[PDB]
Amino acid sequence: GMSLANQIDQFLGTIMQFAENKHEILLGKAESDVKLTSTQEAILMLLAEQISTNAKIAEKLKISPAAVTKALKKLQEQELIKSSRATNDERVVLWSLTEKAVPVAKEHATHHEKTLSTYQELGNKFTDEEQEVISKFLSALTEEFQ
């Protein structure tokens, strides 16, 4: 609608219809089939880069042992990750991706990367002063939604 208030309202409407029956907000095929919680997904992506421990994971993603534990449980049940014993210390447990998960992580990261780069490109059309205005607009509108 022509007022900014109306435009803002229509834009949210557009996003709502787009998010309907989707797991995340992504641009593209939505061919990132598997449906993971944010934590599970962060862990998956984290392990896709490096083998790590329960405490290393909690640290890296600034979450509690409880949360890491619950997430590792689920990922393991879905055969996306697998535990193994630290070559140097029988007591410490290492985690990593299963074979079938490696490409699943890759394909789904790309999707995120394509979505981010589209936002980057749109952003690049605006000067720094303009990006600041957009930024202050998004923070303030973000506050209304909690």
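Residue numbers here begin at 1 and follow the sequence given.
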Select between 82-90 and 63-71 the stretch whose C-alpha atoms have the higher average B-factor in the entry.
82-90
Assert higher mean C-alpha B factor (29-37 or 113-121, deposited values) equals 29-37
Report the third (lowest, middle or highest) to which the CA temperature factor of residue 142 belongs, ranking only the modelled residues of the same chain.
lowest
Test of reading the entry: by CA B factor among the chain's modelled residues, which third contains residue 43?
lowest
